[PDB]
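For the single chain, residues carry numbers from 1 onward in sequence order. Every number for a ligand or one of its atoms is a count from 1 in the order of the listing.
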Amino acid sequence: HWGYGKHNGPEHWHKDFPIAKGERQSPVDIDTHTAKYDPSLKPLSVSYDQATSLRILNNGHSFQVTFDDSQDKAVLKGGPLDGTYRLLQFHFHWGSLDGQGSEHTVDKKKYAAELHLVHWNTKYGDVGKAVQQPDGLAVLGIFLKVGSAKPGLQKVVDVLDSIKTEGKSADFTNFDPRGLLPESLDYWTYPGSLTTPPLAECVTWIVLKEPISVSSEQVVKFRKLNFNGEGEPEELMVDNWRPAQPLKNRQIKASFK
Ligand SMILES: Cc1cccc(-c2nn3c(c2-c2ccnc(Nc4ccc(S(N)(=O)=O)cc4)c2)CC(C)(C)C3)n1
Ligand SMILES: [Zn+2]
């Protein structure tokens, strides 16, 4: 029922999900001059060497690559986090043109897209339980700008024609998400929420400063996806991003000087 258009988009979500107007909603604008360096923050530990990807799928709001999270394989630790967070899935948000598509913004700058690597805190045992906790999930956010191709993304781009419509999925084994990471792990961090329903306030956000570059041909392939299922009127899956929400009583901390 919810989506991104005029009659069911982000400004409507609060009716079904009143937490949409809550105290720690995401995304936010990152004001780089106000974010303070926090020398107590650790380097992030992104340990993806043993990741086991399973499927790629169109869920009618994005496309997502899913991982086996039944043991500590691909894990995020350190940074602002206490304990161990297992990688469950990644997905993207993107625009209809290169000047929009990201959910977080940086001094009001919108990037062409944003990658979300979604991890959950193993102390809660399963992801369903984790989403009910204020420290249940950690989402690693990575901006995409349009320039040179990202070789590590091409394997994803090349299967999107097989999952054009909502409900479609495909085998997507042996995908290495290390190929989506920028050089620097410099980051901003703040407490927030899921950016799609149910908008649960369960996320420690870790947003990398350095964007990755993707080619115009790569992002064009994202824009050929459909929100609709096969047999319904074709409506391009574009502009599947929630706008920046009020920061309220939160501080965004920088890992870097
Ligand atoms: C895959 C899986 C396995 C087992 C349980 C669940 C699950 N169940 N339920 C939920 C979830 C659930 C779990 C994990 N992530 C989400 N959603 C999610 C994740 C990341 C982002 S983003 N854009 O900020 O990165 C936005 C939404 C939802 C939500 C619910 C409480 C209504 C019920 N999901
Ligand atoms: Zn997301």
**Message:** Rounded at 0.5 Å granularity, tell me how far OG in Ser53 sits from CG in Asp171.
**Reply:** 9.5 Å

**Request:** Please indicate, with yes or no, if any protein heavy atom is found under 4.0 Å from atom 8 (N) of ligand 1?
**Result:** no

**Item:** Geometric cation-pi criterion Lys168 and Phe63, 6.0 Å radius, 45° cone
**Value:** no

**Request:** State the atoms of ligand 1, each with its element, that fall below the 4.0 Å cut-off from a heavy-atom position in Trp205.
**Result:** 24 (O)

**Message:** Is atom 4 (C) of ligand 1 near the protein, in the sense that some protein heavy atom lies at less than 4.0 Å from it?
**Reply:** yes

**Is_contact(atom 24 (O) of ligand 1), protein non-hydrogen, under 4.0 Å** = yes

**Message:** Between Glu234 and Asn226, is the side chain to side chain donor-acceptor pair (under 3.5 Å) condition met? List the steps.
**Reply:** CA-CA 7 Å; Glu234 167 162 28; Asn226 287 178; 3.2 Å; yes

**Test item: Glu201 side-chain N/O and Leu199 main-chain N/O as donor-acceptor pair under 3.5 Å** = no

**Request:** Tell me whether the centres of the aromatic rings in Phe175 and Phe67 are closer together than 6.0 Å.
**Result:** no

**Fill in**
Near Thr196 (heavy-atom distance under 4.0 Å), the atoms of ligand 1 are 26 (C), 27 (C)

**Fill in**
Closest heavy-atom approach to atom 2 (C) of ligand 1 among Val127, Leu115, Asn59 is made by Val127

**Asked** What protein heavy atom is closest to atom 1 (C) of ligand 1, reported as residue, atom name and distance in Å?
**Response** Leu88 CD2, 3.9 Å

**Message:** If I take atom OG1 from residue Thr32 and atom NZ from residue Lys108, how far apart are they, to the nearest 0.5 angstrom?
**Reply:** 12.5 Å

**Heavy atom of the protein closest to atom 32 (C) of ligand 1 (residue, atom name, distance)** = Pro198 CG, 3.7 Å

**Prompt:** Hey, which atoms in ligand 1 end up nearer than 4.0 Å to a heavy atom of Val139?
**Reply:** 25 (O)

**Asked** Are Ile212 and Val139 grouped together when hydrophobic residues (ILVMFWY) are joined by side-chain heavy atoms under 4.5 angstrom apart?
**Response** no

**Message:** Distance under 4.0 Å to a non-hydrogen atom of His116: what atoms of ligand 1 satisfy this?
**Reply:** 22 (S), 23 (N), 25 (O)

**Message:** Given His104, which partner from the list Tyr111, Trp188, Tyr190 fulfils the ring pair (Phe, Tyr, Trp, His ring centres under 6.0 Å) test?
**Reply:** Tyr190

**Item:** Polar protein atoms near the Zn ion (ligand 2) [N, O or S; cut-off under 2.8 Å]
**Value:** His91 NE2, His93 NE2, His116 ND1

**Message:** As an exercise, state the distance from CG of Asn121 to OG1 of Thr84, rounded to the nearest 0.5 Å.
**Reply:** 8.0 Å

**Message:** Test side chain to side chain contact (heavy atoms under 4.5 Å, CB included) on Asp82 and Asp135; report intermediate values, then the result.
**Reply:** CA-CA 9 Å; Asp82 286 332; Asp135 59 349; over 6 Å; no

**Request:** Identify the protein heavy atom lying closest to atom 31 (C) of ligand 1, giving its residue, its atom name and the separation to 0.1 Å.
**Result:** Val131 CG2, 4.0 Å

**Message:** Starting from atom 16 (C) of ligand 1, what is the nearest protein heavy atom, named by residue and atom, and what distance separates them?
**Reply:** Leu194 CD1, 4.3 Å

**Message:** Measuring only between side-chain heavy atoms, which start at C-beta, is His119 closer than 4.5 Å to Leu81?
**Reply:** no

**Request:** Enumerate the atoms of ligand 1 whose separation from the nearest heavy atom of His93 is less than 4.0 angstrom.
**Result:** 23 (N)

**Request:** State, without any angle test, whether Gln64 and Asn59 hold a side-chain donor-acceptor pair at a distance under 3.5 Å.
**Result:** yes

**Request:** Can you confirm whether something in the protein, heavy atoms only, sits under 4.0 Å from atom 28 (C) of ligand 1?
**Result:** no

**Request:** Apply the ring pair (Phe, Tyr, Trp, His ring centres under 6.0 Å) test between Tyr4 and each candidate in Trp241, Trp94, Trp13; give the one that qualifies.
**Result:** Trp13

**Item:** Proximity flag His91 to ligand 1, non-hydrogen atoms under 4.0 Å
**Value:** yes

